[PDB]
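These notes are about the structure you will find just below.
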Amino acid sequence: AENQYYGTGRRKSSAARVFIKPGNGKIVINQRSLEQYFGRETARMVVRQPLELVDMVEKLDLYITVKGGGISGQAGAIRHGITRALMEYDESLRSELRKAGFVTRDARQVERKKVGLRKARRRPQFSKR
Amino acid sequence: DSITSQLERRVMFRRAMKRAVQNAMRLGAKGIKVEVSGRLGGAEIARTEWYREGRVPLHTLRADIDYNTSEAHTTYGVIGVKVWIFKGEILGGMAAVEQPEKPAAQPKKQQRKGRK
Amino acid sequence: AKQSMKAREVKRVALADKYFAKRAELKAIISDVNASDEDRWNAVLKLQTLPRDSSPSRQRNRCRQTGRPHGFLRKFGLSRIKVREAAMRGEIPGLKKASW
Amino acid sequence: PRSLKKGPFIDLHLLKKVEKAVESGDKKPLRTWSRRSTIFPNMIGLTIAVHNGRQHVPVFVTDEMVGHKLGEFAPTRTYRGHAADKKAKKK
Amino acid sequence: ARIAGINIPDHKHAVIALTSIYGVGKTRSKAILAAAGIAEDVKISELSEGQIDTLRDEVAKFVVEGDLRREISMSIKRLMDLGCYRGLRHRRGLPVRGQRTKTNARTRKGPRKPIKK
Amino acid sequence: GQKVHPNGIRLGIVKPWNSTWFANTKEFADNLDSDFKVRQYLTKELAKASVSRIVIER
Amino acid sequence: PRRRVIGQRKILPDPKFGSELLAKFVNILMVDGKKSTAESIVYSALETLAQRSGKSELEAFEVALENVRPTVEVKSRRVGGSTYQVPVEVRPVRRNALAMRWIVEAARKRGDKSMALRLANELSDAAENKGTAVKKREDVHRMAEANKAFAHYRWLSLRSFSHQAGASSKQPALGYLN
Amino acid sequence: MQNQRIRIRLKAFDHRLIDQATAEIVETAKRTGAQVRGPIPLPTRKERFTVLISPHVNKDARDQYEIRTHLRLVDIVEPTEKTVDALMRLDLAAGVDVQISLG
RNA sequence: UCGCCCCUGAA
RNA sequence: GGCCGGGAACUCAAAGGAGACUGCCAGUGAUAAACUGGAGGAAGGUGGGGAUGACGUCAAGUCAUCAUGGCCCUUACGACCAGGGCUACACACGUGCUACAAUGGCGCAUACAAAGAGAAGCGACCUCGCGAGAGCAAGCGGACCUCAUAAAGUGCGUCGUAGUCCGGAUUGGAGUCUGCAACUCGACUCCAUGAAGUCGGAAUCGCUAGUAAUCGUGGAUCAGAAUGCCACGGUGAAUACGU
RNA sequence: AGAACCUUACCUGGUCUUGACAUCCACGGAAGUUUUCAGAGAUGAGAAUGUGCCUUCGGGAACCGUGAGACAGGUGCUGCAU
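Protein chains in written order, with the numbering used here: chain A, 708 to 836; chain B, 35 to 150; chain C, 128 to 227; chain D, 99 to 189; chain E, 2 to 118; chain F, 393 to 450; chain G, 4 to 181; chain H, 44 to 146.
Structure follows, in structure tokens:
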């Protein structure tokens, strides 16, 4: 059993435990800070902003265990993991997360290579006259 | 193979399938679609003798689509045969009659015990 | 590939069974494969060279039921056109078209 | 040579020639089908007639053909450009 | 300095500038500099009265420049005098590799142009 | 070509396989060849009965 | 031929502007689909602008770009009744796109080190119309305002005008433009 | 973690065969052993080919295959004197691999 | 409105 | 250190279900279908992607995968072997890949992957080698172990717009591996040599989103050869008035 | 879906002719095992060794070589016979 409040974070090959611990503290991901698990990157800073848009750390303390998938993808599953753990409290929250698209799973994700195609929609060129 | 052996006794060609389809539709089947390659009479033209009777959708994923081939090897050339019988129409044979497993509906997932 | 082309390879695999034994380790680790124990001698020379066609080098894999070294699929012993045919009737079990 | 694994190949079709070319010397340029032959400094100074599928053609081997296969020192093909041979080679 | 090779270029790091005195490529540059304790994070316009001394000293220990450039080409010409495949093909402007002559070998024969088939 | 013969999953989980067997890592090839060979001689030496279809279970 | 609405892109707020407009200015300065390497230049050049000019963080781009954008773009289509290619008064959204694009194009006409310093100094000269990226404006907008024959295809349209009430001069076309 | 002492490897191609097999034998597995281990699905070992569909030319169209080979486990834990039953005597092959060992 | 031709045969 | 016990909650796997149907709300639309917004929801309006590629036409291709009517060869056109040729070559065309650089190169340190593969195999560990790799050897037919160290990316050091610190062709010498043996006709590495090219006319082609772009990874074939094909993930757009 | 030889159909040379690969007929020998020489090997000629399955003990069965034909083989030619 847990002692937490849960929200499931599945985005883009990165699946994430996201555990809300009551009371103000600091966001903790894998016994590190946010900007230490995602480092000093430029990209990381941009995806910090939608988590402060839904409001992070003001009555909240967390423990997160995301693993697998991308770097941006990891942060994506966190973003879809705290929203699912925030819509539980009130349904007015739910609405103002779905209108923000961040409790809505971004279903976009790599499409298979197929035969007769160079890539996933790229194809050979012609100049054969 | 029945109608193929018939062609190899040099009797019936076009007419072969027709007899065997009045049979097949009388009892059994839910539509048949035969293909036979025309080579009859010592004629030296590539032809397609194609006769159906009753419904054969080729794309039904909830029906028993039968399919086998035969080939004659006459002195008139080689006559391919294809018989597609639509035995099912709403009942599979491996989309029906099977046992899956799990959901066993037990709230406890057994674990080793003791502590050390 | 034709019957005759096939036939060649049969005989080469015959010789395989008369030149892989002690004669296996001899061609491999003892006298080849990153130098030798103390050898690389006129000994080694005669013994390796004369069974030319027991080598897996001299053998080019192909199907036993239709031949052709191109379009071959070693892992299940199949080749090009004779994959589809069988598989459709379900005569290769569990082999089915992509649906992911 | 182009390459060697660690060293050269004495060759078994050259083995027979060396052992009888110290007992009688050359006696006709040595008809050898194999082009995988590589020679000692004890086997230089001879007319080694390596094949090329066209003819056995003699090569009066030197010390710089030691550790080198002898195929490379003979015509490997027949070819010509759009010119005659008296001042150029294209064979 | 003047050194065994040609006159030093300046305004470039030591490793850099050493590749431009030939018979010395990428590796051999930094390899000499490392050995004699010469820094390669400093330029030859930042050359010191220490580094200059060992400069001339170390380059005299290896075969480089014109001397090297001689030797190498003598062995390209060795093979030519043997009637070798590798030999003769170099005066036909042709590679000695698996490299195609059908479409490629336009480094060997220079830029393509319409000419006899 | 004109008909591409769609039957590759009509005999999948829509109707049973006609040669159901299993093989392990180095057995794949062997089991394949052996089965098909038998069937050739089999089907040929039987013609006094009207063959619905041979199947094997290994 | 085209069915239903076009796609809309939802993109992130910037971590130094909060904007999606100047997030679209990182997007134009992306190459090889890397937002990482893009974001570098953006901020590097923002500072260059702030020093070399007065302005503000939302005037170092914005104001400068509102002097590069024309309000009419001339597109293409063979028909014109004179084989003309018609002016098209562009929507305010497409205004943005034009100027943004051109400023990055202008930094590939430069060789003045980095890429930040290039587009920065360019944008500093682009708010007083003394740049070289504001001279691109002066051919699109110069053309359009000096020559017009509108979006009517003159022969086809004239027949339509005549039928409706009797005219030869410009009006809405009742009949086909096919 | 928690470790099992009996492991059985039930391995067939089709899930419409492997789970017919599992249900007939994990039934008996209940009374076998001193504690039950149910059937661990495990991630599928998967193969998939692409072979040319035409006897000559072409590359625009090739036949696309898959062939998932599922690997179920039946499992028991704690060896008893009745482990012999559900292991070999009540689990037999038919075109489904049966492991006759505890690994 | 933007000229603009030319194409051996039996399935 | 999920490294050990414990806990099966959670992710995960993958079998089985729940779900989306213009079903519901309003308008529009003949009160018809439908269309446009809305709500609920993870998702609305063939949801996205596969399989799905009709009856046919092209006497289209394929007697060389295989089958087969006729024809021809019969101390052979058959059969087997050693060598050579398929990788010629003065060129032309098609399809790719790599550059022409600072959004970058090189040096330092550093971030996270997915999906497959494997006892003719991959091979940790430890030892040596500049390296490729070799020796020593555990493990592994496996959510075990190994291939595997993901790479672009990122924080710093530098270089400064030079045909160069860009770029990498060519050749030589020295080495490696896999093989009976690597000479025409194997790949890898080492050092040297250091190319053309400063971003490509006429023209022509692809692409409306996780697509394009770009960066790696794996697989089959394979004793031993991927800029190919096939597959997997990372980062990740511009533009669409309008036909 | 990787062409070092082989692959390979192609060439040049070596070599065989009911045959490398099939059945049947007749004969002998069970097939093989380790080694020698010549040759480029293909092979050709040996030197020793093996006597399983059945037997009437010869013979056969698998199988090997040779002989003889009926044949065999052909990625040889026609996709305007299929």
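Backbone N, C-alpha and C fix where the C-beta goes; we use that ideal spot for every residue, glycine too.
So which residues of chain D does residue i contact, with C-beta pairs closer than 8 Å?
i: residue 169/C; result: 108 and 113
i: residue 79/E; result: 162
For residue i, count the other beta carbons within 10 Å of its own beta carbon; 16 or more makes it buried, fewer makes it exposed. Which is it?
i: residue 146/D; result: buried
i: residue 93/H; result: exposed
i: residue 138/D; result: exposed
i: residue 115/D; result: buried
i: residue 103/G; result: buried
i: residue 51/H; result: buried
i: residue 61/E; result: exposed
i: residue 146/C; result: buried
i: residue 171/G; result: exposed
Starting from residue i, trace the alpha helix (DSSP H) in both directions and tell me its first and last residue.
i: residue 52/E; result: 52-60
i: residue 175/C; result: 169-176
i: residue 774/A; result: No alpha helix (DSSP H) holds residue 774/A; the beta strand (DSSP E) holding it covers 767-774.
i: residue 136/G; result: Looking at the DSSP string, residue 136/G is not in any alpha helix (DSSP H), and its letter there is neither H nor E.
i: residue 803/A; result: 798-805
i: residue 38/G; result: 38-55
Take residue i and list the residues in its own chain whose beta-carbon comes closer than 7 Å to its own, dropping the five residues that flank it on each side.
i: residue 100/E; result: 106
i: residue 82/H; result: 65, 69, 115, 116, 117 and 118
i: residue 216/C; result: none
Kindly list the residues whose CB is nearer than 6 Å to the CB of residue i, restricted to its own chain and excluding five residues on each side of it in sequence; keep chain order.
i: residue 138/G; result: none
i: residue 171/C; result: 158
i: residue 134/D; result: 107 and 109
i: residue 33/E; result: 59
i: residue 1/E; result: Look at the range of chain E in this structure, 2 to 118, and you will see that residue 1/E is not part of it.
For residue i, return the contacting residues in chain F, with the cut-off set at a CB-CB distance below 7 Å.
i: residue 139/H; result: 414
What are the boundary residues of the beta strand (DSSP E) that residue i is part of?
i: residue 721/A; result: 721-729
i: residue 83/B; result: 83-87
i: residue 145/D; result: 145-148
i: residue 89/H; result: 88-90
i: residue 158/D; result: 155-158
Residues of chain A with CB closer than 9 Å to the CB of residue i, please, in chain order.
i: residue 107/H; result: 821 and 822
Could you name the residues of chain E that residue i contacts, counting a contact when the two beta carbons are closer than 9 Å?
i: residue 180/D; result: 117
Find the residues of chain H that neighbour residue i, judging by a C-beta separation of less than 9 Å, and give them in chain order.
i: residue 419/F; result: None at all; the shortest Cβ gap to chain H is about 10 Å.
Given 8 Å as the limit, tell me if residue i has its C-beta closer than that to any heavy atom belonging to the ligand SAH.
i: residue 199/C; result: This structure lacks the ligand SAH; in fact it carries no ligand of any kind.
Starting from residue i, find everything on chain H with Cβ-Cβ shorter than 8 Å and list it in chain order.
i: residue 220/C; result: 56, 57 and 138
Run down chain G in chain order and give the residues with a C-beta less than 9 Å from the C-beta of residue i.
i: residue 790/A; result: Within 9 Å Cβ-Cβ: nothing; residue 790/A doesn't reach chain G, min ~15 Å.
Below 8 Å on C-beta distance, what does residue i contact in chain F?
i: residue 207/C; result: By Cβ distance, chain F contributes nothing, its closest Cβ being about 15 Å from residue 207/C, past 8 Å.
Which bits of chain B does residue i rub up against, with CB to CB less than 7 Å?
i: residue 65/H; result: 135
Who are the neighbours of residue i on chain D, taking C-beta pairs under 9 Å?
i: residue 162/C; result: 104
By the criterion of Cβ-Cβ separation under 9 Å, what are the contact partners of residue i in chain F?
i: residue 99/B; result: 398, 399, 402, 403, 406 and 407
For residue i, which residues in the same chain have their Cβ closer than 8 Å to its Cβ, ignoring the five residues on either side in sequence?
i: residue 733/A; result: 740, 764 and 768
i: residue 44/G; result: 32, 117, 118, 119 and 122
Checklist line | Residues in the region 77-104 of chain H having any Cβ partner in chain A nearer than 9 Å | finding: Of all residues in the region 77-104 of chain H, only 93, 102, 103 and 104 come within less than 9 Å of chain A when Cβ atoms are compared, listed by chain position.
Item checked: Residues in the region 84-100 of chain E having any Cβ partner in chain D nearer than 9 Å -> Cβ contacts with chain D come from 84, 85, 86, 87, 88, 89, 92, 93, 97 and 98.
Notebook entry, point to check: Closer than 9 Å, Cβ to any Cβ of chain A: which residues of the region 7-33 of chain G, in chain order?
Noted result: Within the region 7-33 of chain G, contact with chain A at the beta-carbon level (separation under 9 Å) is assigned to 13, 15, 16, 17, 18, 19, 21, 26 and 29.
Item checked: Where the region 173-207 of chain C meets chain F: residues whose CB sits under 8 Å from a CB there -> Correct list: 191, 192, 201, 202, 203, 204 and 205.
Notebook entry, point to check: For the region 743-758 of chain A, which residues have a beta carbon sitting closer than 8 Å to at least one beta carbon of chain G?
Noted result: Residues passing the 8 Å Cβ filter: 748, 749, 750, 752, 753, 754, 755, 756 and 757.
Item checked: Interface residues of the region 784-813 of chain A facing chain G [CB-CB below 8 Å] -> From the region 784-813 of chain A, only 808 have a Cβ closer than 8 Å to chain G.
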